[PDB]
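Structure file my_file.cif; described as mmCIF, C-alpha atoms and all ligand atoms.
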```cif
data_upload
#
loop_
_atom_site.label_atom_id
_atom_site.label_comp_id
_atom_site.auth_asym_id
_atom_site.auth_seq_id
_atom_site.Cartn_x
_atom_site.Cartn_y
_atom_site.Cartn_z
CA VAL A 2 -2.25 20.78 5.02
CA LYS A 3 0.72 18.43 5.03
CA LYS A 4 0.40 15.43 2.74
CA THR A 5 2.00 13.02 5.14
CA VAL A 6 0.89 10.10 7.21
CA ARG A 7 2.09 8.89 10.63
CA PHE A 8 3.22 5.36 9.79
CA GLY A 9 4.73 2.87 12.26
CA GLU A 10 7.74 4.40 13.93
CA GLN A 11 7.89 7.16 11.26
CA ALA A 12 6.30 10.44 12.46
CA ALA A 13 5.58 11.49 8.88
CA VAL A 14 5.98 9.71 5.58
CA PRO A 15 4.82 11.18 2.30
CA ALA A 16 1.32 10.03 1.52
CA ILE A 17 2.28 8.52 -1.85
CA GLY A 18 4.65 5.53 -1.93
CA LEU A 19 5.90 3.02 -4.47
CA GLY A 20 4.26 -0.32 -5.31
CA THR A 21 6.17 -3.26 -6.80
CA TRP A 22 3.59 -5.83 -7.92
CA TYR A 23 4.56 -6.88 -11.48
CA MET A 24 8.18 -5.91 -10.92
CA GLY A 25 10.79 -8.58 -10.96
CA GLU A 26 9.08 -10.91 -13.41
CA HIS A 27 11.31 -10.31 -16.41
CA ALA A 28 15.09 -10.03 -16.34
CA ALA A 29 15.01 -7.71 -19.33
CA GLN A 30 13.13 -5.15 -17.32
CA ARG A 31 15.17 -5.23 -14.17
CA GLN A 32 17.17 -2.10 -14.90
CA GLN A 33 14.11 -0.12 -15.84
CA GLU A 34 12.38 -1.22 -12.61
CA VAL A 35 15.38 -0.37 -10.44
CA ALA A 36 15.46 3.06 -12.09
CA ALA A 37 11.78 3.71 -11.55
CA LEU A 38 12.16 2.97 -7.85
CA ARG A 39 15.27 5.14 -7.52
CA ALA A 40 13.38 7.93 -9.36
CA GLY A 41 10.63 7.72 -6.76
CA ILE A 42 13.13 7.96 -3.90
CA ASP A 43 14.80 10.88 -5.66
CA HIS A 44 11.40 12.60 -5.75
CA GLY A 45 10.82 12.08 -2.05
CA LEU A 46 8.56 9.06 -2.05
CA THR A 47 9.99 6.92 0.72
CA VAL A 48 7.53 4.10 1.33
CA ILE A 49 8.19 0.99 -0.81
CA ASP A 50 5.65 -1.80 -0.72
CA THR A 51 6.58 -5.34 -1.68
CA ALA A 52 5.82 -8.99 -0.68
CA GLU A 53 7.45 -12.41 -0.74
CA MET A 54 4.70 -13.25 -3.26
CA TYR A 55 5.70 -10.81 -5.96
CA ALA A 56 7.48 -12.64 -8.73
CA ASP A 57 8.33 -15.26 -6.03
CA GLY A 58 10.97 -13.05 -4.53
CA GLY A 59 11.82 -11.22 -7.69
CA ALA A 60 10.32 -7.88 -6.76
CA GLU A 61 12.12 -7.97 -3.47
CA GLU A 62 15.45 -8.53 -5.28
CA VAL A 63 14.69 -5.52 -7.50
CA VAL A 64 13.94 -3.41 -4.43
CA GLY A 65 17.16 -4.60 -2.78
CA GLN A 66 19.17 -3.48 -5.77
CA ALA A 67 17.34 -0.15 -5.99
CA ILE A 68 17.90 0.72 -2.33
CA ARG A 69 21.57 -0.30 -2.08
CA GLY A 70 23.34 2.43 -0.16
CA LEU A 71 20.05 4.25 0.45
CA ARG A 72 18.55 2.12 3.25
CA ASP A 73 18.14 4.97 5.67
CA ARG A 74 16.22 7.00 3.07
CA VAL A 75 13.44 4.46 2.58
CA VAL A 76 10.59 2.95 4.52
CA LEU A 77 10.40 -0.71 3.54
CA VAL A 78 7.15 -2.65 3.77
CA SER A 79 6.96 -6.35 2.90
CA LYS A 80 4.46 -9.11 3.53
CA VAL A 81 4.24 -12.71 4.63
CA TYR A 82 1.94 -15.36 3.20
CA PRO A 83 -0.58 -16.35 5.89
CA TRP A 84 0.55 -19.97 5.73
CA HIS A 85 4.00 -18.78 6.92
CA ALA A 86 2.62 -16.46 9.61
CA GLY A 87 2.91 -18.79 12.58
CA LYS A 88 5.36 -19.80 15.26
CA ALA A 89 7.23 -22.30 13.09
CA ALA A 90 7.60 -20.56 9.80
CA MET A 91 7.53 -16.81 10.37
CA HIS A 92 11.23 -16.35 10.98
CA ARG A 93 12.21 -18.10 7.81
CA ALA A 94 9.83 -16.05 5.71
CA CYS A 95 11.12 -12.87 7.21
CA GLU A 96 14.81 -13.92 6.89
CA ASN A 97 14.34 -14.86 3.23
CA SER A 98 12.76 -11.45 2.52
CA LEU A 99 15.63 -9.70 4.28
CA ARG A 100 18.21 -11.70 2.20
CA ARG A 101 16.48 -10.69 -1.04
CA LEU A 102 16.19 -7.04 0.03
CA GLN A 103 19.80 -7.25 1.37
CA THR A 104 18.83 -5.33 4.45
CA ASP A 105 18.77 -6.44 8.09
CA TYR A 106 15.32 -5.08 8.97
CA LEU A 107 11.94 -4.06 7.62
CA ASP A 108 10.13 -0.90 8.68
CA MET A 109 6.81 -2.75 8.44
CA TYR A 110 5.80 -6.36 7.87
CA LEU A 111 2.24 -7.30 6.96
CA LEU A 112 0.14 -10.37 7.15
CA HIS A 113 -0.75 -10.51 3.48
CA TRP A 114 -4.27 -11.74 4.16
CA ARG A 115 -6.07 -13.74 6.83
CA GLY A 116 -5.64 -17.50 6.60
CA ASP A 117 -6.24 -20.29 9.11
CA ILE A 118 -3.60 -19.55 11.74
CA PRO A 119 -5.21 -18.03 14.81
CA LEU A 120 -4.55 -14.30 14.94
CA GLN A 121 -3.08 -14.59 18.44
CA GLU A 122 -0.31 -16.83 17.11
CA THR A 123 0.48 -14.52 14.19
CA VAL A 124 0.58 -11.54 16.58
CA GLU A 125 2.98 -13.40 18.90
CA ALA A 126 5.19 -14.25 15.99
CA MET A 127 5.22 -10.66 14.72
CA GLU A 128 6.00 -9.43 18.24
CA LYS A 129 8.98 -11.77 18.36
CA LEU A 130 10.35 -10.29 15.12
CA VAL A 131 9.90 -6.83 16.65
CA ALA A 132 11.79 -7.88 19.80
CA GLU A 133 14.59 -9.37 17.68
CA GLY A 134 14.91 -6.17 15.67
CA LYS A 135 14.01 -7.79 12.32
CA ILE A 136 10.95 -5.64 11.83
CA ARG A 137 10.23 -2.27 13.44
CA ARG A 138 6.43 -2.69 13.33
CA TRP A 139 3.86 -5.12 11.99
CA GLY A 140 0.51 -4.65 10.32
CA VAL A 141 -1.98 -6.43 8.14
CA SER A 142 -3.55 -6.47 4.67
CA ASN A 143 -6.97 -7.40 3.26
CA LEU A 144 -8.70 -7.43 6.66
CA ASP A 145 -12.28 -6.18 6.77
CA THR A 146 -13.85 -4.39 9.77
CA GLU A 147 -14.92 -7.69 11.39
CA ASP A 148 -11.37 -9.03 11.05
CA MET A 149 -9.90 -5.79 12.49
CA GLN A 150 -12.22 -6.04 15.50
CA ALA A 151 -11.11 -9.69 16.00
CA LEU A 152 -7.48 -8.60 15.77
CA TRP A 153 -7.96 -5.79 18.24
CA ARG A 154 -9.39 -8.27 20.66
CA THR A 155 -6.23 -10.39 20.62
CA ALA A 156 -3.39 -9.86 23.05
CA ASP A 157 -1.12 -7.20 21.53
CA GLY A 158 -3.34 -6.94 18.42
CA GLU A 159 -3.67 -3.24 19.08
CA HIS A 160 0.02 -2.86 18.06
CA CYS A 161 -1.11 -3.35 14.46
CA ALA A 162 0.40 -0.37 12.62
CA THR A 163 -1.56 -0.36 9.35
CA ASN A 164 -4.11 -2.13 7.21
CA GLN A 165 -3.47 -2.33 3.46
CA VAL A 166 -6.65 -2.55 1.36
CA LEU A 167 -7.94 -1.86 -2.08
CA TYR A 168 -9.14 1.73 -2.53
CA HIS A 169 -9.76 4.01 -5.50
CA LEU A 170 -12.47 6.32 -6.88
CA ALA A 171 -14.38 3.49 -8.50
CA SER A 172 -14.10 1.17 -5.44
CA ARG A 173 -14.89 3.22 -2.35
CA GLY A 174 -16.54 0.60 -0.13
CA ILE A 175 -14.11 1.01 2.73
CA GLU A 176 -15.51 4.51 3.36
CA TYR A 177 -18.68 3.05 4.96
CA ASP A 178 -17.18 1.13 7.86
CA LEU A 179 -13.45 0.25 7.66
CA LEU A 180 -11.90 3.69 7.17
CA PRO A 181 -13.99 5.20 9.97
CA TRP A 182 -12.96 2.29 12.22
CA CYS A 183 -9.34 2.83 11.30
CA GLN A 184 -9.73 6.53 11.81
CA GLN A 185 -11.16 5.96 15.25
CA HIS A 186 -8.24 3.77 16.26
CA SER A 187 -5.62 6.09 14.70
CA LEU A 188 -4.65 3.39 12.22
CA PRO A 189 -3.33 4.57 8.81
CA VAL A 190 -4.65 2.73 5.76
CA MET A 191 -2.42 1.83 2.76
CA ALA A 192 -4.52 2.10 -0.43
CA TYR A 193 -3.55 -0.46 -3.06
CA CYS A 194 -4.68 -0.36 -6.70
CA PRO A 195 -5.17 3.42 -6.26
CA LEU A 196 -5.25 3.87 -10.02
CA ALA A 197 -7.56 0.85 -10.40
CA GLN A 198 -4.47 -0.70 -12.14
CA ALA A 199 -4.36 2.24 -14.59
CA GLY A 200 -8.13 1.80 -15.01
CA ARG A 201 -8.00 -1.96 -15.97
CA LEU A 202 -10.08 -2.74 -12.91
CA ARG A 203 -13.13 -0.53 -13.78
CA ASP A 204 -13.95 0.01 -17.50
CA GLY A 205 -13.95 3.75 -18.28
CA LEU A 206 -12.48 5.47 -15.26
CA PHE A 207 -9.64 6.72 -17.38
CA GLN A 208 -11.78 7.07 -20.50
CA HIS A 209 -14.31 9.38 -18.65
CA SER A 210 -15.07 12.82 -20.19
CA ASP A 211 -15.72 14.73 -17.00
CA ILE A 212 -12.63 13.38 -15.37
CA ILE A 213 -10.63 14.07 -18.49
CA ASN A 214 -12.03 17.64 -18.55
CA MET A 215 -11.39 18.11 -14.89
CA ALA A 216 -7.74 17.08 -15.16
CA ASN A 217 -7.18 19.24 -18.26
CA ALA A 218 -8.75 22.20 -16.47
CA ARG A 219 -5.78 22.15 -13.99
CA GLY A 220 -3.18 20.76 -16.38
CA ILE A 221 -2.70 17.45 -14.56
CA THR A 222 -3.14 13.93 -15.88
CA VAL A 223 -6.04 11.73 -14.93
CA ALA A 224 -3.73 9.42 -12.98
CA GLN A 225 -2.62 12.38 -10.88
CA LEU A 226 -6.20 13.42 -10.33
CA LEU A 227 -7.10 9.91 -9.16
CA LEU A 228 -4.15 9.76 -6.76
CA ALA A 229 -4.83 13.12 -5.24
CA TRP A 230 -8.41 11.90 -4.75
CA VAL A 231 -7.20 8.84 -2.81
CA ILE A 232 -5.12 10.95 -0.41
CA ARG A 233 -7.57 13.82 -0.15
CA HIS A 234 -8.16 13.06 3.56
CA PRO A 235 -5.61 12.26 6.25
CA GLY A 236 -4.72 8.75 7.29
CA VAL A 237 -4.44 7.21 3.81
CA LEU A 238 -1.13 6.31 2.12
CA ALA A 239 -1.50 5.43 -1.58
CA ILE A 240 0.97 3.01 -3.13
CA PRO A 241 0.67 3.24 -6.91
CA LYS A 242 3.06 1.07 -8.89
CA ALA A 243 5.03 2.68 -11.68
CA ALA A 244 7.81 1.10 -13.72
CA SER A 245 7.89 4.20 -16.01
CA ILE A 246 9.96 7.16 -14.80
CA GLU A 247 7.55 9.64 -16.40
CA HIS A 248 4.77 8.05 -14.29
CA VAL A 249 6.73 8.06 -10.99
CA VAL A 250 7.50 11.78 -11.48
CA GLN A 251 3.81 12.46 -12.07
CA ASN A 252 2.84 10.45 -9.07
CA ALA A 253 5.17 12.34 -6.74
CA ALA A 254 3.82 15.58 -8.11
CA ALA A 255 0.30 14.52 -7.14
CA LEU A 256 1.36 15.34 -3.52
CA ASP A 257 1.13 19.01 -4.57
CA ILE A 258 -2.46 18.86 -5.74
CA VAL A 259 -5.28 20.32 -3.68
CA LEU A 260 -8.73 19.32 -4.94
CA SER A 261 -11.50 21.86 -4.33
CA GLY A 262 -14.86 21.07 -2.73
CA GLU A 263 -16.45 21.76 -6.11
CA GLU A 264 -14.19 19.18 -7.68
CA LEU A 265 -14.77 16.63 -4.91
CA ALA A 266 -18.52 17.12 -5.21
CA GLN A 267 -18.35 16.52 -8.98
CA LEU A 268 -16.40 13.35 -8.39
CA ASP A 269 -19.03 12.11 -5.88
CA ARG A 270 -21.74 12.63 -8.41
CA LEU A 271 -19.76 10.49 -10.88
CA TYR A 272 -18.87 7.72 -8.37
CA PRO A 273 -21.01 8.08 -5.27
CA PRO A 274 -19.82 7.06 -1.84
CA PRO A 275 -21.25 3.82 -0.41
CA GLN A 276 -24.59 3.96 1.39
CA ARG A 277 -24.18 0.51 2.92
CA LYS A 278 -21.76 -2.18 3.94
CA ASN A 279 -19.94 -3.64 0.93
CA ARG A 280 -17.84 -6.81 0.87
CA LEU A 281 -14.16 -5.85 0.97
CA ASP A 282 -12.94 -5.43 -2.60
CA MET A 283 -9.64 -7.28 -3.11
CA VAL A 284 -7.65 -8.22 -6.15
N1 LIG A 301 -2.01 -6.19 -0.30
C1 LIG A 301 -2.48 -6.71 -1.45
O1 LIG A 301 -3.20 -7.73 -1.48
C2 LIG A 301 -2.17 -5.99 -2.71
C3 LIG A 301 -2.88 -6.23 -3.90
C4 LIG A 301 -2.57 -5.52 -5.06
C5 LIG A 301 -1.58 -4.54 -5.02
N2 LIG A 301 -0.87 -4.35 -3.86
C6 LIG A 301 0.21 -3.33 -3.77
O2 LIG A 301 -0.34 -2.11 -4.19
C7 LIG A 301 0.41 -1.62 -5.31
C8 LIG A 301 -0.45 -0.73 -6.24
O3 LIG A 301 -1.43 -1.53 -6.91
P1 LIG A 301 -1.26 -2.07 -8.41
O4 LIG A 301 0.18 -2.18 -8.88
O5 LIG A 301 -2.04 -3.43 -8.36
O6 LIG A 301 -2.05 -1.02 -9.32
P2 LIG A 301 -1.96 0.57 -9.52
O7 LIG A 301 -0.80 1.07 -8.68
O8 LIG A 301 -3.32 1.14 -9.20
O9 LIG A 301 -1.67 0.71 -11.10
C9 LIG A 301 -0.49 0.25 -11.73
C10 LIG A 301 -0.55 0.62 -13.20
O10 LIG A 301 -0.66 2.05 -13.30
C11 LIG A 301 0.33 2.52 -14.22
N3 LIG A 301 0.67 3.87 -13.77
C12 LIG A 301 1.29 4.24 -12.61
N4 LIG A 301 1.38 5.53 -12.48
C13 LIG A 301 0.82 6.03 -13.64
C14 LIG A 301 0.64 7.34 -14.13
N5 LIG A 301 1.02 8.47 -13.48
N6 LIG A 301 0.04 7.46 -15.34
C15 LIG A 301 -0.39 6.40 -16.03
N7 LIG A 301 -0.26 5.11 -15.67
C16 LIG A 301 0.36 5.01 -14.45
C17 LIG A 301 1.42 1.51 -14.18
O11 LIG A 301 2.11 1.56 -15.41
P3 LIG A 301 3.76 1.58 -15.47
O12 LIG A 301 4.26 0.57 -14.49
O13 LIG A 301 4.19 1.27 -16.83
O14 LIG A 301 4.22 2.95 -15.00
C18 LIG A 301 0.71 0.20 -13.90
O15 LIG A 301 0.49 -0.46 -15.13
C19 LIG A 301 1.00 -2.87 -5.91
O16 LIG A 301 2.04 -2.68 -6.86
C20 LIG A 301 1.41 -3.63 -4.66
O17 LIG A 301 2.63 -3.05 -4.12
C21 LIG A 301 -1.19 -5.00 -2.74
#
```

As structure tokens, the full file:
Amino acid sequence: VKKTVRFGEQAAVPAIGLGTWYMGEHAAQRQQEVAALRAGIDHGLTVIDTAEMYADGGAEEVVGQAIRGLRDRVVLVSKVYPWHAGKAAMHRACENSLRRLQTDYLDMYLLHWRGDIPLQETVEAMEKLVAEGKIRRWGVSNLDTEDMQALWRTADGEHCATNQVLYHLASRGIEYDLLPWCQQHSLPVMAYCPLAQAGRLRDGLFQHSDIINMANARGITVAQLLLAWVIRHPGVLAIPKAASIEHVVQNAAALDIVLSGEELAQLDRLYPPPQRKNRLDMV
């Protein structure tokens, strides 16, 4: 079973990509960050996820340096603050992102979350960037099932190419409603915080005996086990962030893992799937 995802105008991207939140904050780390991204590309991870938010442009500048001369090898995803996502301001947000990335187009551009602009106006603005050639496709982030239904209802809202939401073993709420909805509409989901921020989100995911034993039993690390879990089913593209080369190399290698039913059942007993609607986890 191929560990790829149909994503925008790309027929198949690898199901693990590269996050950039917390890159670009410190000048002393820029070279290390550039190297971690290039390592990911060198290991076949092509999707890079960033945002105008991240270090106020800084992460985008890091990405732009990392991808110099490699633009055709990568699938670039950035995001626009909702307060920019309207007729007036959208072009400037997009143009500023493109300047920092030093590329003339994005593969995907996401509404970072839903603000006060009516969705119809954001959709029209995204469609204009598509017609101009500045973005190949648009999508959204942090939209729950109700918001996705509202979007679908808008003119051209069905062109939405992805929804990026929080998903990991210890926060599975999207499995009740949102993922099935996405699955029904052939919409790929981008899973952010797929490592729960290396466990910092949920106390003891990493420090868990049965998960530690399970990873040891196949000679993988817990992080790899958690990533393979996130991408176990089609239609989900995980975007772990790694500034460490050792970590990027691990993360790419998690594309080669096949979890058994026995293993997946054990994991469900440790962190059961949701049996009701849950508010969309975000962070
Ligand atoms: N749309 C949104 O609202 C939203 C919100 C949050 C995040 N995001 C996106 O999603 C991405 C992923 O989420 P995240 O950065 O919040 O958290 P994450 O990817 O779940 O975890 C990042 C942490 O995991 C560590 N790590 C990575 N690979 C590892 C490995 N193999 N072994 C051990 N530790 C490992 C990293 O350390 P090192 O860096 O030192 O390797 C980092 O400290 C973000 O970077 C961003 O692109 C989007």

| task | Using all atoms listed in the file, find each protein or nucleic acid residue lying at most 6 Å from ligand LIG 301 (chain A); present the set as a ChimeraX atom specification. | result | /A:20-22,50-51,113,142,165,193-199,224-225,240-245,248,251-252,284

Writer output for current selection, C-alpha atoms, as a compact mmCIF listing (two decimals), in the frame of the given file:
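Final file, result24.txt:
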```
# COMPACT_ATOMS: atom_id res chain seq x y z
CA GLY A 20 4.26 -0.32 -5.31
CA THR A 21 6.17 -3.26 -6.80
CA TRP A 22 3.59 -5.83 -7.92
CA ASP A 50 5.65 -1.80 -0.72
CA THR A 51 6.58 -5.34 -1.68
CA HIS A 113 -0.75 -10.51 3.48
CA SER A 142 -3.55 -6.47 4.67
CA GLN A 165 -3.47 -2.33 3.46
CA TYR A 193 -3.55 -0.46 -3.06
CA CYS A 194 -4.68 -0.36 -6.70
CA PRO A 195 -5.17 3.42 -6.26
CA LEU A 196 -5.25 3.87 -10.02
CA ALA A 197 -7.56 0.85 -10.40
CA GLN A 198 -4.47 -0.70 -12.14
CA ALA A 199 -4.36 2.24 -14.59
CA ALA A 224 -3.73 9.42 -12.98
CA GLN A 225 -2.62 12.38 -10.88
CA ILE A 240 0.97 3.01 -3.13
CA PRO A 241 0.67 3.24 -6.91
CA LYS A 242 3.06 1.07 -8.89
CA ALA A 243 5.03 2.68 -11.68
CA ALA A 244 7.81 1.10 -13.72
CA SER A 245 7.89 4.20 -16.01
CA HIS A 248 4.77 8.05 -14.29
CA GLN A 251 3.81 12.46 -12.07
CA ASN A 252 2.84 10.45 -9.07
CA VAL A 284 -7.65 -8.22 -6.15
```

| message | Using only C-alpha atoms - which residues lie no farther than 10 Å from the point (18.7, -4.8, -2.6) in the file's frame? Write them as a PyMOL selection string. | response | chain A and resi 35+60-72+99-104

| message | Just checking: using all atoms listed in the file, which residue out of A:46, A:13, A:149, A:190 ends up closest to residue 256 of chain A? | response |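 For residue 256 of chain A, the nearest of the candidates is A:46.
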
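Going from atom CA of residue 166 of chain A over to atom CA of residue 209 of chain A, you cover 24.5 Å.
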
| task | Mind giving me the straight-line distance from atom CA of residue 90 of chain A to atom CA of residue 25 of chain A in Å, one decimal? | result |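 Calculated distance between atom CA of residue 90 of chain A and atom CA of residue 25 of chain A is 24.2 Å.
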
| task | For residue 80 of chain A, list every protein, DNA or RNA residue within 8 Å, evaluated using all atoms listed in the file, and leave out those in the same chain fewer than 5 positions away; present the list as a VMD selection string. | result | chain A and resid 51 to 54 110 to 113

| message | Please return as a VMD selection string every residue within 12 Å of (-20.0, 12.6, -11.7), taking into account all atoms listed in the file and the file's own coordinates. | response | chain A and resid 170 to 171 206 209 to 215 263 to 274

| said: Rounded to one decimal, what separation in Å do you get between atom CA of residue 6 of chain A and atom CA of residue 105 of chain A? | reply: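 Atom-to-atom, atom CA of residue 6 of chain A and atom CA of residue 105 of chain A are spaced 24.4 Å apart.
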
| task | Rank A:191, A:130, A:246, A:238 by their smallest atom-to-atom distance to residue 96 of chain A, using all atoms listed in the file, and report the top residue only. | result |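 That would be A:130, the residue with the smallest distance to residue 96 of chain A.
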
| request: Counting only C-alpha atoms, figure out which residue out of A:167, A:207, A:258, A:33 gets nearest to residue 221 of chain A. | output: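 Of all the options, A:258 lies closest to residue 221 of chain A.
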
| request: Could you tell me which of A:7, A:280, A:203, A:92 comes closest to residue 174 of chain A if we count all atoms listed in the file? | output: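 Closest to residue 174 of chain A, using all atoms listed in the file: A:280.
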
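With only C-alpha atoms as the atoms that count, the residue of A:58, A:158, A:119, A:134 with the shortest distance to residue 26 of chain A is A:58.
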
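Here the question is which of A:217, A:143, A:98, A:163 gets nearest to residue 8 of chain A using all atoms listed in the file, and that residue is A:163.
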